[PDB]
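So the protein lines, in turn, are chains A and B.
Be aware that the first sequence starts at 17, since it is given in the entry's author numbering, and climbs by one per residue.
Be aware that the second sequence starts at 17, since it is given in the entry's author numbering, and climbs by one per residue.
Quick reminder that beta carbons are idealized off the backbone N, C-alpha and C, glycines included.
Right, one structure below, let's go through it.
There are 2 protein chains.
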Amino acid sequence: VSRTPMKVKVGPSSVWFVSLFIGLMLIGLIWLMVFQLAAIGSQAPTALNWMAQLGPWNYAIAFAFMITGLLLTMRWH
Amino acid sequence: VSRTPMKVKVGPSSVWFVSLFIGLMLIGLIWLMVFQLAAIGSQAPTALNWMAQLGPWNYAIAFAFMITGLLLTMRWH
């Protein structure tokens, strides 16, 4: 469909692309955290550690907002 | 552009919607990388600790591939 001046289809159109993009991101968040929370890592002058019992809170909320805010932008469009 | 059943127009479209998505994702990743790379943070049973001097890599590289991955899906669709 179109909200203006932008029209987006993979079709039946706007809902279906956006819904797929929303899922693919949410899945990427969960995986990236899961491996990260196992992970402790250093390469060159950069070093990164994540450790958990369970609750992947900081990155997942921030990225989920960022994608959802893009979704609100894509649908305003 | 259209590849199909998909057609995506913001108008003028093609390179422009896609360029804009690469740009905002890149900026988002840099913001997370600087603030976090100073950070050490614990909330609930989940704790994430990040240290920098030069470089941004693991987080950076996976995020950049995700930008690419959407780009390829769009090019294809």
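Extent of the continuous beta strand (DSSP E) run through residue i
i        : result
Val26(B) : 22–26
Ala63(B) : 62–68
For residue i, the three-state DSSP class (helix, strand or coil)
i        : result
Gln52(A) : helix
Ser58(A) : strand
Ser30(B) : helix
Nearest candidate by alpha-carbon position, reference residue i, set the options
i        : options                                : result
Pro72(B) : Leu86(B), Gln59(B), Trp47(B), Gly57(B) : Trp47(B)
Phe81(A) : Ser18(A), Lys23(A), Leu42(A)           : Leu42(A)
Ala63(B) : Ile38(A), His93(A), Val50(A), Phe37(A) : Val50(A)
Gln59(B) : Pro21(A), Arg19(A), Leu70(A), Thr89(A) : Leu70(A)
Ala76(A) : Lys23(A), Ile38(A), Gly57(A), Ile56(A) : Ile38(A)
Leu40(A) : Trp92(B), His93(B), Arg91(B), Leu86(B) : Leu86(B)
Contact set for residue i: own chain, Cβ-Cβ below 6 Å, skip 5 residues either direction
i        : result
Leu53(B) : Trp66, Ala68
Proximal residues to residue i (C-beta, below 8 Å), its chain only, five neighbours per side dropped
i        : result
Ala55(A) : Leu64, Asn65, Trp66
Start-to-end residues for the alpha helix (DSSP H) that takes in residue i
i        : result
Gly85(A) : 73–92
Open item on the list: Under 8 Å, with one C-beta from each stretch per pair, do the stretch 29–36 of chain B and the stretch 27–46 of chain A reach the 3-pair mark?
Closed with: Contact between the stretch 29–36 of chain B and the stretch 27–46 of chain A is absent: fewer than 3 CB-CB pairs across the two stretches fall below 8 Å.
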